[PDB]
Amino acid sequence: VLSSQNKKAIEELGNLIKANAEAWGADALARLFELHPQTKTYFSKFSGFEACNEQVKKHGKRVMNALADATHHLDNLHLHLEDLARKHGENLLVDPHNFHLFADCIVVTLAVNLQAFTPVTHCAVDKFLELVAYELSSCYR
């Protein structure tokens, strides 16, 4: 699950993510494609991979909107993330390791945009993303 201390910080962070979904999502994806170019192979339809690319902006908004949603369903994340797991696991064959590489990118996006990002807040987000990675990899079990 998630610790009480970690649960609280996440509940509130979702409000911020939802509001800046596109800008943050686009930023997160651009870092992923930049740091790990092999991940571009999953996005065969995309024409560009910069944060300004409309496709990247549209997809980034959807990722962040999904994350904000999940913060409101921490006690039953399996049921909530079930479809996305099927999408990523069964359909796209997304390598579980990629979820972690992406989580590390999202954390930097948050550090660059949040007013403050203390070790405690960073810790809560890391454990939350670790939970998401685990659920999105469920189709492999």
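Residue numbers here begin at 1 and follow the sequence given.
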Assert higher mean C-alpha B factor (105-113 or 53-61, deposited values) equals 53-61
Could you settle it for me: does 92-100 or 41-49 have the higher average Cα B factor in the PDB entry?
41-49
From the list 9, 131, 123, 23, select the residue with the highest C-alpha B factor recorded in the entry.
9
Could you say whether, by C-alpha temperature factor, residue 30 belongs to the lowest, middle or highest third of its chain?
lowest
Place residue 36 in the lowest, middle or highest third of its chain's C-alpha B-factors, as listed in the PDB entry.
lowest
Looking at the C-alpha B-factor of residue 139, is it in the lowest, middle or highest third of its chain?
middle
